[PDB]
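First the structure, in the form of structure tokens, and then the observations on it.
Where a number appears in this text, it was derived from the coordinates with a stated rule and is not lab data. Here the Cβ positions follow ideal geometry from the backbone for every residue, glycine too, while neighbour counts run over all protein chains shown.
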Amino acid sequence: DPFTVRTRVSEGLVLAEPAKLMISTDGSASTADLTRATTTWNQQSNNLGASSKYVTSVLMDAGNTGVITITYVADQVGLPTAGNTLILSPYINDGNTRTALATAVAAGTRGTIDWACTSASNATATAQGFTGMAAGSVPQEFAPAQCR
């Protein structure tokens, strides 16, 4: 059932929460801190970050942009072979504007972190005012509403 698929996609999403929080508490203060968080998170779980029966990996962008990719085990969750990722993209909110984390951190721009979640479709993230972010691949009908 597609709704069961969303729930397992949704169950898997929870596993990325600690990666988001690490980025916000310890990985945003400086360029060096963002790289440190990336290295430390990604080394977990046999270099897969976090995993489970339904989740292959939860990984931070290797180029230190702070963008998190959740990769699902397609044949256990019931997704297409290559339809299996969600993308969480961080932005510094300085109160007035949003700036992609990688850019803000390099420039020394501080603030709170907002997250865009994208799947094969970016309706929600784009509606929320996020721009610039990569596509994930989970089909819209299986993606959590906030990732559609």
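Some observations on this one:
- Cα-based equivalent ellipsoid, the chain: semi-axes from gyration tensor eigenvalues, Å: 26, 18, 10
- Placing a pseudo-label 7 Å from each Cα along the Cα-to-Cβ vector at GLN43 and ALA62 gives an inter-label distance of 1.7 nm.
- When shorter helices are ignored and each DSSP H run of at least 4 residues is given -39500 (n - 2.57), the per-residue value for the chain at 222 nm works out to -10500 deg cm²/dmol.
- Sequence-ordered 3J(HN,Hα) estimates for region 36-53 from the Karplus curve with 6.51, -1.76 and 1.60 and θ = phi - 60° stand at 4, 5, 4, 4, 5, 4, 5, 6, 4, 6, 6, 6, 10, x, 7, 8, 6, 4 Hz, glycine and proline given as x.
- Between region 6-56 and region 79-104, the alpha-carbon center distance in angstrom: 13
- Each pair of Cα atoms in region 1-73 enters the Kirkwood radius, and Stokes-Einstein at 10 °C and 1.306 mPa s then converts it into a translational diffusion coefficient of 127 µm²/s.
- Sequence-separation-based contact order of the chain, relative, with Cα cut under 8 Å and 6+ spacing, percent: 21
- Computed label-point distance, nm, for sites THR4 and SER52 using a 7 Å Cα→Cβ extension: 1.7
- Ordering of 139-145, 93-99, 82-88 by burial proxy (mean other Cβ atoms within 10 Å per residue, highest first): 82-88, 139-145, 93-99
- Distance between the pseudo-spin-label points of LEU21 and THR99 (7 Å out from Cα toward the beta carbon): 2.8 nm.
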